[PDB]
Amino acid sequence: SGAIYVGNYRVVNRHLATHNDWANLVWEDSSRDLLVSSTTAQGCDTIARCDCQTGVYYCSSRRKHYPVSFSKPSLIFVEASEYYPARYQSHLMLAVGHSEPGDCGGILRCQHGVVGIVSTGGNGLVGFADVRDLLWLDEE
Ligand SMILES: COc1ccccc1CC(=O)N1CC[C@H](C(N)=O)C1
Ligand SMILES: [Zn+2]
């Protein structure tokens, strides 16, 4: 689990969104596994606006923050799970690192701020849903 709180927005994995998030929906995309809902309080996270390919992510299944090199956002085949059938997920970045299903929501960050959240993994890989192209997260 986990979320990004920027301005009056909450960014979560679409598959983990709550009733309140769907009721206060701003934008969602099943193909990206992302959902953004509105909040009443101001968040404190800053979204990175960059092309960084190195960063640090939080892995809840190890209580550890791991430095990683990750690929640029791309369309990647993702195996079937309890939440989606096997499909291509877009804007996904992969890295070699540990992840378990409940690690989704862990933040990946670089020197410029939040890059994305854990969204996929298995077999020694970890995949992150990119948020850096969502420019509107920084305004209104
Ligand atoms: C971090 O993900 C994993 C880690 C180890 C094993 C399996 C997984 C994948 C997983 O369970 N899901 C849920 C839905 C999500 C998606 N974005 O399609 C992927
Ligand atoms: Zn960066």
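As recorded in the entry header, the structure was determined using X-ray crystallography to a resolution of 1.420 Å.

> Residues and numbers for the coordination of the zinc ion (ligand 2), please.
The textbook angles at a metal center are 109.5 degrees for a tetrahedron of four donors and 90 or 180 degrees for an octahedron of six. Protein coordination at the zinc ion (ligand 2) comes from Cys 50 (SG), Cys 52 (SG), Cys 110 (SG) and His 112 (ND1), with a distance range of 2.2 to 2.4 Å. Metal-centred angles of 102 to 117 degrees between the four donor atoms at the zinc ion (ligand 2) mark the site as tetrahedral. As a motif over one chain, the donors of the zinc ion (ligand 2) read C-x1-C-x57-C-x1-H. Taken as a pair, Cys 50 in the loop between β3 (34–44) and β4 (54–59) and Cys 110 in strand β8 (residues 107–110) lie far apart in primary sequence, 60 residues in all. Residue classification places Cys 50 among the partly exposed residues on the basis of a relative accessible area of 24%. The exposure class of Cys 110 is buried, given its relative accessible area of 12%.

> So, the packing of aromatic side chains: which residues are in play, and what are the values?
Within the structure shown, the criterion is met by six aromatic pairs. With a centroid separation of 6.0 Å and 70 degrees between ring planes, the pair formed by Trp 27 and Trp 136 is classed as edge-to-face. With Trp 27 in strand β2 (residues 25–29) and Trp 136 in the segment after β10 (125–130), this residue pair connects regions lying 109 residues apart in the sequence. The exposure class assigned to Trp 27 is partly exposed, which follows from its relative accessible area of 23%. Taking relative accessible area as the criterion, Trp 136 reaches 27% and is therefore assigned partly exposed. When the centroid spacing of 5.0 Å and the interplanar angle of 65 degrees are considered together, the rings of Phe 77 and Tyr 88 count as edge-to-face. One end of the pair, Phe 77, is in strand β6 (residues 74–78); the other, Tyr 88, is in strand β7 (residues 87–96), with eleven residues separating them in the sequence. With a relative accessible area of 42%, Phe 77 lands in the partly exposed category. For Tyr 88, a relative accessible area of 52% puts it in the exposed group. Put simply, the rings of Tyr 57, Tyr 66, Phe 70 and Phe 128 pair up and form one aromatic cluster.

> So what's going on with the pattern of salt bridges? Which residues, and what values?
Tallied over the full model, the rule gives six salt bridges. Linking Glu 28 and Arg 14 is a salt bridge whose minimum nitrogen-to-oxygen distance equals 2.8 Å. One end of the pair, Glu 28, is in strand β2; the other, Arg 14, is in the loop between β1 (4–13) and α1 (19–23), and 14 residues separate them in sequence. Taking the relative accessible area as the measure of exposure, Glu 28 reaches 29% and is therefore partly exposed. Given the relative accessible area of 24%, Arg 14 is considered partly exposed. Salt-bridge contacts for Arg 132 lead to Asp 130; the nearest nitrogen and oxygen are separated by 2.9 Å. Of the two residues examined, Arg 132 and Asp 130, each falls in the buried class.

> I'd love a proper account of the site of ligand 1, names of residues and values included.
Not every one of the 16 residues close to ligand 1 is listed here, only the nearest: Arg 87, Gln 89, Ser 119, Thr 120 and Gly 121. Within the side chain of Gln 89, an N or O atom sits 2.9 Å from a nitrogen atom of ligand 1. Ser 119 is positioned with one of its backbone polar atoms (N or O) 3.0 Å from a nitrogen atom of ligand 1. For ligand 1, the accessible surface in isolation is 450 Å², of which the surrounding protein chains cover 85%.

The rules behind each value
Residues numbered from 1 in each chain as written, not as in the entry; some residues may be left out. Chains lettered and ligands numbered in written order. Heavy atoms only, no water. Donors = N, O, S within 2.8 Å, 3.2 Å for Na, K, Ca; no water. Tetrahedral: all angles 85-135°; square planar, octahedral: opposite > 155°, others 65-115°. Helix = DSSP H or I, 4+ residues; strand = E, 2+ residues; numbered from the N terminus. Buried < 20%, exposed > 50% of the residue type's maximum accessible area, 1.4 Å probe, protein only. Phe/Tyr/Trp six-rings, centres within 6.5 Å; stacked < 30°, edge-to-face > 60°. Salt bridge = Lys/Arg side-chain N within 4 Å of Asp/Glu carboxyl O. Near = heavy atom within 4 Å. Polar contact = N/O pair within 3.5 Å; in protein donor to acceptor, adjacent residues only side chain to side chain. Areas by Shrake-Rupley, 256 points an atom, 1.4 Å probe, with all protein chains shown as cover.

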